[PDB]
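To start, the structure itself, in structure tokens.
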Amino acid sequence: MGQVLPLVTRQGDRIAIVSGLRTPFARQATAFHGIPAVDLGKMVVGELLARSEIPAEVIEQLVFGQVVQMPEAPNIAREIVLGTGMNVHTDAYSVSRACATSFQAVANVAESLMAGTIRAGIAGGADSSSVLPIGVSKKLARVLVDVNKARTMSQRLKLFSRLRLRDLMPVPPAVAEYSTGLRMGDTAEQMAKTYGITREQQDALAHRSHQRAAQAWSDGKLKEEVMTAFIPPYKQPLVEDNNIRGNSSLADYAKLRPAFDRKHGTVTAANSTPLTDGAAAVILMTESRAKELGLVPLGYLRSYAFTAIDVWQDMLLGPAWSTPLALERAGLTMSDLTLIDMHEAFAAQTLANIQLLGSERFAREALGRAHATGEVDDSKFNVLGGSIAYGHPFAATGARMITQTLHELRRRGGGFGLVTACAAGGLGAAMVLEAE
Amino acid sequence: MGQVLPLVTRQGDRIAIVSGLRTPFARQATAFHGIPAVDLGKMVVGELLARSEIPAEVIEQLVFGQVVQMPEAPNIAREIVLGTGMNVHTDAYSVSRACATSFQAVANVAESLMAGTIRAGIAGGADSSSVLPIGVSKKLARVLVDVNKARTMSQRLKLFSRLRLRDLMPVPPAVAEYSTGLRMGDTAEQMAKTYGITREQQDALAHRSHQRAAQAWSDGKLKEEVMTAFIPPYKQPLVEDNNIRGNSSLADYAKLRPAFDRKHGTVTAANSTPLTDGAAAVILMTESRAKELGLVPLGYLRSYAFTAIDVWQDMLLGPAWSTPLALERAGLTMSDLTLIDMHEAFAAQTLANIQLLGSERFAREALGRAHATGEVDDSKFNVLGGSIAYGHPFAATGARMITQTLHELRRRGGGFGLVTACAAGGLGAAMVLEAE
Amino acid sequence: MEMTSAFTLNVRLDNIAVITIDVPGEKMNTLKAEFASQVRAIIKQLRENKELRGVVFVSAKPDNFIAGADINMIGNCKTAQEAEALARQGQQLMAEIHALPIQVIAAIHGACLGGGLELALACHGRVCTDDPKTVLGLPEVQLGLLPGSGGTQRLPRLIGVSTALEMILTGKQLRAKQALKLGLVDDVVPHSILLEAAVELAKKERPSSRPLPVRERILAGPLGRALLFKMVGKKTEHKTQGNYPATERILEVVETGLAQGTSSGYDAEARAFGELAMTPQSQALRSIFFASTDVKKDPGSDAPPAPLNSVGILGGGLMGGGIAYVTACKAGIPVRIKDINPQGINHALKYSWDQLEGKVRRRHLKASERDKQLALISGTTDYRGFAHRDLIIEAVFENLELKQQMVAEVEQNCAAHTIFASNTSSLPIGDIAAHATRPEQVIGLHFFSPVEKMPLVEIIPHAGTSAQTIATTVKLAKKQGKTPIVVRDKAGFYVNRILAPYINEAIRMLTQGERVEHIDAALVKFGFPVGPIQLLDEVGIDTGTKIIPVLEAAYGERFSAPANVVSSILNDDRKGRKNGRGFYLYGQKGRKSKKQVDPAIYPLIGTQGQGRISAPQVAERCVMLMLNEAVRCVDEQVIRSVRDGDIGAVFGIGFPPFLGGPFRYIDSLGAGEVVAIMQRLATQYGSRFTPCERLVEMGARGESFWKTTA
């Protein structure tokens, strides 16, 4: 039967997206230094309520997922309300799903007001690479575990005898998988070597993404969904992202040594997302209540999909797998897709995706579909640049694209927007956006 | 249908529930000492799948959660699939909600299973009170960050010049709230004091909770819900819970010092449940999926409700607030409700709930409802005893009650069950059960 | 196409040549006489073009790169000429290859054994995949041979004198990870980029300009090589007992290659093939190799088998846990354990823990996969959850009614698809079934002393047993690394039946005043591992003897041991290693050295007389009873095939592999000639040495049990 999932509530009201906002991104060891990710979420949601002029007590649930969490604050969502002017009776909780925490936050909040258990939701995310919850070595942790249970003072001295000068150094942060140990750069390289990705076209994507984003900022199109962050020192405000290098050349890109595979790697810092900190917040209202309170829905929500893949090889094929499922649930096709957006974690993995999305062989056997998904037109492909530009703040990546996509389809006809993003652990996310 | 909501899916199938399982509960030192919470969830899921005709590949999403968490492997659900024999293509996801993490996991499973993305799931939780992660002093948290970011050796020596005083002793755990600081037993005393409950009015609910459970074990009625624990040391297995003390007389533990007040502490240790370790797991799937594979569901699911209150006084009235919401959402009443199940985490407070659920004043002003929900019969209240017996694992007492309730109403051959639990932060839960 | 052979040359746009080895016939990549000549034509064509810069060898086969020399090819040799001539042509083949000035690179993937490393050592550089199937070694000594050429002289010069010697002798397996550490392979690369990673290595300017140094250069030269050879030669001769050839030969041929040059090792190893390729031991090891491979390829039954995915075992303790560990840890099949006592499950699950995680202490693996192995072993006290068990194992006491009670109830308490397997000691399988509503799928296995050392099991069906049940049961042993033999359902079976006279005769000759130490050493020098008494106690005196009355009541009194002296051991708490006291001192208080037996058994033994019987006589008398029972047992076709009879005995009891097997020994020793020498023993000692009926038949007229080709 037709596996179509039109996102309308029990009353038949479809799910809308009334507005959205994003905190500007900045590099690590910059203005965004020493700031816990809890503060970013509190700051962004405080202004958005004022900007959206909607009362705080109306909203009935908040979900905020963050990477690089702080163990002191396990549930960030509760402390956001405790820190901001959100109503105490908020029924909020936090999630965590790779870099697609926002997409997961979008997924469960949208289905939350689907069931009628609540009536309003706001989604977002925040992460910061400036501060690290660096921990002690596990054995050193175990040494302190046993001494706490010790009752005799003389027993304490004998129990700390198990010590070494190698134990005192802390554990620096890393990104390698728990059960695999492969970095994303190692992943991005293996598609480049296997499928075949030349650095010239890979760095071309980075240049084009940089220029398209740089052109977008100069035009000021992505100015209404980017606020001006304030720092508690209040030395200078940041209005525009410092990550984008709008004055760059392809010859400048070609003189970068490979970082991950210094022998045959075809990815560099030019064609890879750097470490940025930021946040975003988006309000999700069903259409029945959006008209009730007198707000225009900044688009709507049509369908969504998530598909999982293997963790040992081809971990970044989530957009290849998740995208076909969303279109069938939305009952749509790439042909009638005005704008397409996808996460450009690496240039090598990006060009592979369109290559694999254009690969009939991959769809017929790996996906089992009768035909391939479709073609990705470069004109509609990442018009305002992509992830190789603003940055990859982990949680805010999912929310950032939706605002710009809805804003861009607002600048154009109705159409059908689409966002896809790969994730660690063989995870992928995809959905189709309406925007009238 | 202004208040009643059916729990049927899009396809016309009600949210069925299949038989569930529960790990036996043991004290923190007699058994389960030194084991992490990672294996507890792994232990139950390994055998629960290898107990019925269902394979491991049918399930598409797992939702777990632990109230006590370990900083390593924050997403406990992922390693459960990784640790045990489970499909590597499952949607791993974990939640966190004190004293109702399983309850929230069940609701999260239920809400997502209706959207059609997932048609079958497993819900549960793991709790361990013997490997409590002891955190370092917060002063010895910036220093470790500062020393790691330090460049030269001379800078390292200067930073630790600040290291002195009582920073070397660790931080033992406590139950006082982050923003309220109530020990959850100090505030339980004032509910007993304000609502006027005496130590002899209580201490019989605890006695009748110790009873009807020792009788339950001797009768072997709850033999299907309890596994026989295997210990990796392999010294001896545990089949019967050691926490229960259904042999002492009511006048034997009445001569005990109060735990919290020690001056007007009408509650003591004997009539209050002690901390234990355990886990539970239940099989959840839609009606369409359940019948097409040939397995009888352990009853069904009717409705659910959660209500929150400000955490400053009498905050365990979640069952007082949440329960009437469940009845109106299921369109039911206490009169036509066979068997109930209260959390009864302490002597009184739960008795105050019967006092409050039987009080019209609380419903008319604190709830705005025209009428109170009505009183409950003692025989229809905790037939198999209560939490004052087996123990109170914070993340495992959720799924425990449903399995016994559906099984008990199965012995009763019908009726509608009801389970509620109070939680920290002024949080509560309420569900309406139906064993066909 | 029968003319392309396997070596096909291919040159890319760059000045390199890629070589594929695709055998048109069998999947495994072997070497024949025609490959040696055609590759010389290929390399001659490669020599004429001066534009090239390097060559890379590609497996072009998902199974293996090159398996090695074909064993039948050695089998066609008749005199020392062919072995040396094949050796002679082998030397020039790689020397021509090694004479090339440009870089030669080999990409290793799949398998590489015997003649496989011949090409690898003939190439300047080699690259191997990290796929866990690739391996390097020289499995020539186990075949009664040695590496074809160069292996005894160039490899020690390339990998080290100490390192190379043991691999040739021990014939161990070298993995990809430790190959790079030792230095044989320059780099380890993923299989996806195996060929591409070999591209840049061929482009290297230096074929060999800076060889790696030797950290063990201390003994390099003549100062310690002779001392090493003297010690290991003494070490080898003691471990090999002196009854195995090609053991001191390796030391000699390694010595001549290392001392006075490589060409000297060429002739000595060529000379070694002159005798070692044509040796009764060499044919014995080549014959058992073909026999062992035949039974593995043999599927036991003819009907297609039945699905088997869930395994149940009725009994824990120690023996029950043995099957579960092999079924779960090795075969990767979940196993459920049921017992009436949790301590039985406790012991089995603990015993699995104790035997496992020892490699963890040796860092051979990590705990990440250990938990999964434990996840496949489950214990329970109830029949619940057994409804999905495809096969069930009976591992409890051999009471017939108890077996009948459980087989009836497990038939009652399980689905019809589940088949029955029984580890009976002496009870008949059909008698065990008896009142079975489903007898057609009831089969009997027979395990032994802990099966992680015992390398085979028994397939023992009764009268009513569907060929599907045999097919499942025979194929059950294969994935367990066991040799399945289908045997006739008779009292005492086949392996257990023949060992009864062996332990009977040992006890009979023990009581007549003979010292155990000298007679035991004489029997183990014959080629038998483990002596009679030490083998008898550790396996279970009660278990082993429990079949003897069944042997006695079935065939005759030849199985009966001298009474009132063997039974005295049973009711004296002297029950071997399991009971903590028996025969040998088991405390091992002599610095864990060779302890002498307990100086208290002799007073309990009659031990009247002296040694009397010569050392060669006691050893042969032990094998006569084995052969006398073997000729009698398979006379009534207790074994499906003669080869199964051979592999049942030579691989399960410990018959000297250099002798080949039971009837390998018979044919070797003049066939009917041995028939004469047993009759005189019958007149000397008793009627127990009477010749078998068909043994007389073959002896009187002159016959060999194996026509085959001669």
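Naming works like this for the structure tokens: A, B, ... for the chains as they're shown, residue 1 at the start of each chain, ligands 1 onward in shown order.
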
Practice task
Just need the residues of chain C within 9 Å of chain A, counting only C-alpha atoms, so spit them out as a ChimeraX atom specification.
Solution key: /C:192-193,368

Handout entry: After fitting chain A to chain B over every Cα pair taken in order, the RMSD
Key = 0.7 Å

With only C-alpha atoms considered, list every residue of chain B at most 7 Å from chain A, as a PDB file with N, CA and C atoms, in the first residue's frame.
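What ended up in selection.pdb:
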```
ATOM      1  N   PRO B  71      29.183   8.446  33.748  1.00  0.00           N
ATOM      2  CA  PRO B  71      29.649   9.356  32.686  1.00  0.00           C
ATOM      3  C   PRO B  71      30.157   8.632  31.452  1.00  0.00           C
ATOM      4  N   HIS B  89      20.801  -2.711  13.607  1.00  0.00           N
ATOM      5  CA  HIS B  89      20.052  -1.716  12.853  1.00  0.00           C
ATOM      6  C   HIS B  89      18.876  -1.159  13.646  1.00  0.00           C
ATOM      7  N   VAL B  95      16.336   7.653  27.743  1.00  0.00           N
ATOM      8  CA  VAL B  95      15.695   8.797  28.381  1.00  0.00           C
ATOM      9  C   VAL B  95      16.176   8.907  29.821  1.00  0.00           C
ATOM     10  N   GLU B 111       4.267   6.670  22.104  1.00  0.00           N
ATOM     11  CA  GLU B 111       3.996   7.780  21.194  1.00  0.00           C
ATOM     12  C   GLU B 111       4.660   7.565  19.839  1.00  0.00           C
ATOM     13  N   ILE B 134      31.462   8.606  42.138  1.00  0.00           N
ATOM     14  CA  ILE B 134      31.796   9.669  43.082  1.00  0.00           C
ATOM     15  C   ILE B 134      32.562  10.723  42.287  1.00  0.00           C
ATOM     16  N   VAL B 145      41.304  21.085  34.140  1.00  0.00           N
ATOM     17  CA  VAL B 145      41.154  21.748  32.848  1.00  0.00           C
ATOM     18  C   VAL B 145      42.290  22.735  32.622  1.00  0.00           C
ATOM     19  N   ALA B 308       2.649  17.728  36.668  1.00  0.00           N
ATOM     20  CA  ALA B 308       3.780  18.242  37.425  1.00  0.00           C
ATOM     21  C   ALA B 308       3.328  19.369  38.339  1.00  0.00           C
ATOM     22  N   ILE B 309       4.022  19.504  39.470  1.00  0.00           N
ATOM     23  CA  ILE B 309       3.749  20.553  40.443  1.00  0.00           C
ATOM     24  C   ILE B 309       5.069  21.185  40.866  1.00  0.00           C
TER      25      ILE B 309
END
```

Exercise for the section: Just the strand (DSSP E or B) stuff from region 158-376 of chain A, please, per backbone DSSP, written as an MDAnalysis selection string. Expected result: chainID A and resid 226 229 238 272 276:286 300:308 339:342 346

Practice task
Fewer than 6 positions away in the same chain doesn't count, so skip those; otherwise give me all residues within 8 Å of residue 303 (chain A), counting only C-alpha atoms, as a list in words.
Solution key: residues 5, 6, 7, 326, 327, 329, 330, 431, 432 and 433 of chain A
